[PDB]
Amino acid sequence: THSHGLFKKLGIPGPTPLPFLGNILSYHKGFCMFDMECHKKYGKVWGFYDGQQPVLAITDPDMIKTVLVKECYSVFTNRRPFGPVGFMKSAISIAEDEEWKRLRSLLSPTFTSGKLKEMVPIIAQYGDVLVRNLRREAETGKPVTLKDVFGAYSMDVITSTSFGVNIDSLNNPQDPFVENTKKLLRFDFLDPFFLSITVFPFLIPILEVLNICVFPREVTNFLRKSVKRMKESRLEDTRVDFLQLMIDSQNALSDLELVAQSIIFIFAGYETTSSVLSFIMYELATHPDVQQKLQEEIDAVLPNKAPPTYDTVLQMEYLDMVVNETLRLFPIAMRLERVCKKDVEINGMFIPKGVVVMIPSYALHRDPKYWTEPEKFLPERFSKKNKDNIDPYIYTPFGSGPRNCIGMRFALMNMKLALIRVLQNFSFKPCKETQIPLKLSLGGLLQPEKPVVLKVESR
Ligand SMILES: CC(C)c1nc(CN(C)C(=O)N[C@H](C(=O)N[C@H](CC[C@H](Cc2ccccc2)NC(=O)OCc2cnco2)Cc2ccccc2)C(C)C)cs1
Ligand code: HEM
């Protein structure tokens, strides 16, 4: 269909596009499989079409550094525009160019060491509720869905840190704040919707006029007035945080622009954290040796079940290696993307304006070139002895350069506080409903298709 001659013309290899669809039918196997096959078939560089949209996949470490780091401001500043967003247009992750730059420098000081350290005792209050929730399900000896119990912890941790609003979500099985959230991405290729906007962009500006959204008007009004509430709470009182840093600005940030960042952070800080924690626990169970070695490290650094501190969290090398290794196998972003905003040639390759450049993270994390036994879970690959044999541009679970994950440092620590507490009280065993091996969901988000269910024993 016209734009379909580009990679032919550039002499770049790729699967042959269909009219209108592009290579969209190959997503039927899920696109991590697609990416992996493209790598195997085509080598270090290839091209494909998301409908009419050209996407150039790259895998050269240098070229990746060029686009992620060296030419971020100048050419590769923005992600793809995905679908109809409405007011979320203003969200840092979706914001383009100048708008993004000022939101970045406005919101970045949120995750500094001092500000992290001030959230340590705050989580220290929820870490303790989490253990209390598990200890009860461990009594019954009856299987646990980790997503459920982790999810609630994450929600408590995010709402309270970013805003200063303790909302008891852990002492609340029935809770409006977790439920309204998780129904924020219906993202599937079986879901006829995202398959029509992934393929079919020309729809987008119409939907913007229709005020149709990927987030049902349902969530963003609960989340609207709810944020519109903690806002006044702060405004009406006589600790300088996320919700506050934006009340620095509101004396040049506005209202829906505040709500928008809140929602991003509420989302990221709930779904990602709980998912990875699920993945990690699946790994510790299917690998007891590793589970025990980590329980040893914790008891070593934090003797007599000692409560975590910021610095002791960092002391724990093996914890970090476990966290890193899970993130190798399960990068929740499966690909990184930047839209090429002007003609360019990087490392001896021409790239035309408008192309989406894509880093296939999930694929590179499993590449036989860089990783021996790339399917095996092996934390030792992240030991100080082997740590630098590892290319920071092949291993990118957090992205890289200026548009990398603003929430990385908080995420690592948030996750690590949860683990420490959890493993210093319980051990995790494979039961019957456990899926071995675990398989991934084909649709959008890198998820387990069956939830992660394990047996929990006290110590
Ligand atoms: C075929 C094409 C359309 C696609 N490409 C992909 C791969 N990909 C980059 C995605 O993950 N999907 C994209 C997507 O939703 N990503 C987002 C777009 C913004 C959305 C906004 C949003 C999400 C949920 C509820 C409400 C709002 N996501 C978002 O901001 O994620 C927060 C996060 C930070 N760190 C981890 O997670 C950008 C992003 C990507 C990876 C990591 C972090 C942020 C879209 C292109 C659909 C899936 S479909
Ligand atoms: C373990 C959980 C998490 C993982 C694996 C993760 C991974 C990522 C990745 C890979 C990106 C894209 C970076 C790039 O494209 O180069 C990203 C972007 C981002 N993440 Fe994180 N993330 C996690 C948790 C968080 C948390 C807790 C927050 C903050 C609440 C967060 C906020 C963001 C924002 C705002 C962006 C867009 C950055 C920008 O455009 O300036 N994510 N996340």
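The rules we used
Residues numbered from 1 in each chain as written, not as in the entry; some residues may be left out. Chains lettered and ligands numbered in written order. Heavy atoms only, no water. Pairing = 2+ DSSP bridges. Helix = DSSP H or I, 4+ residues; strand = E, 2+ residues; numbered from the N terminus. Axes fitted to C-alpha atoms, helices over the stretch in contact; angles between N-to-C directions. Donors = N, O, S within 2.8 Å, 3.2 Å for Na, K, Ca; no water. Tetrahedral: all angles 85-135°; square planar, octahedral: opposite > 155°, others 65-115°. Contact = heavy atoms within 4.5 Å. Near = heavy atom within 4 Å. Areas by Shrake-Rupley, 256 points an atom, 1.4 Å probe, with all protein chains shown as cover. UniProt positions renumbered as here; feature names shortened; annotations may be inferred.

- Method of determination, as annotated in the archive: X-ray crystallography, at 2.718 Å resolution.

Things to note about the sheet that holds strand 7 (residues 356-359)
Now for step 1: Pairing is mixed across the open sheet formed by four strands, whose spatial order is 1-2-7-4. In this open sheet, the two edge strands, each paired with only one partner strand, are strand 1 (45-50) and strand 4 (336-339). Averaged over all adjacent pairs, the angle separating strand axes in this sheet is 25°, with direction ignored.
Now for step 2: In terms of strand pairing, strand 4 meets strand 7 through four bridges, oriented antiparallel.

Topic: the coordination of the iron atom of ligand 2
Now for step 1: Just one protein ligand coordinates the iron atom of ligand 2, and it is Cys405 (SG) at 2.1 Å.
Now for step 2: Here the iron atom of ligand 2 is ringed by six donor atoms whose angles at the metal span 73 to 175°, and the overall shape comes out irregular.
Now for step 3: You can see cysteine 405 is positioned in the loop between helix 18 (361-364) and helix 19 (408-423).

Considering the sheet that holds strand 3 (residues 144-145)
Now for step 1: Pairing is antiparallel in the open sheet, where three strands are placed in the order 3-9-8. The two strands at the open ends of the sheet, each matched to only one other strand, are strand 3 and strand 8 (426-430).
Now for step 2: Where strand 8 and strand 9 (residues 453-458) come together, five bridges link them in antiparallel fashion. From the neighbouring strand, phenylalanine 428 faces strand 9, where its bridge partner is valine 456.
Now for step 3: Docked against the sheet, helix 7 (residues 127-140) engages strand 3, strand 8 and strand 9, running at close to 50° with respect to strand 8.

Some words on the site of ligand 1
Now for step 1: Among the 18 residues in the neighbourhood of ligand 1, the closest are listed as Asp50, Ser93, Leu184, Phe187 and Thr198.
Now for step 2: A total of 900 Å² of accessible area belongs to ligand 1 in isolation, and the protein chains cover 84% of it.
Now for step 3: No other element matches the four residues that helix 14 (residues 256-286) contributes to the shell around ligand 1.

Concerning the UniProt feature "binding site: heme" in the protein chain
Now for step 1: The sites that carry the UniProt feature "binding site: heme" are, in the present numbering, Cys405.
Now for step 2: In this view, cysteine 405 contacts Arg104 and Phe398; residues no more than four positions away in its chain are not counted.

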